[PDB]
């Protein structure tokens, strides 16, 4: 299970337009806060992702970017981002491959299940700076990530 101080392997997944995105390119200009959520459009995931949305200026101030990720298909991620006016990428991990890399994949007798809600703050060298796990409040994912990034400011 991925933890603070581990190095994340690079990966590629499509965003809400179907365009391949790569972690190392997403990291171009600063850390990425990669937030795994179980299911697009559900009330708890909407709360978590809208809190990330509402903190756009604060993440920009620490030169960090927000990226949501789940096993939902591109077409559902597209609707979620359109309805909620998200100003950031939502990645579709349609086989749970990246979730498995991070240790957050769930399945039942071969059926891919929703991921375990977990946020990874990833530095530009792919080190994990912080992990917010599934027992935290919905707002704590963005709040703790932002506080960690502020703590490492220069």
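Numbering follows the first chain given and starts at 1.
If you average the C-alpha B-factors over 105-113 and over 89-97, the higher value belongs to 105-113. Judged by mean Cα B factor in the deposited record, 55-63 ranks above the other of 24-32 and 55-63. Sorting 9, 138, 132, 13 by the CA temperature factor given in the entry leaves 9 at the top. For residue 46, the recorded CA B-factor ranks within the middle third of the chain. Only modelled residues enter the ranking.
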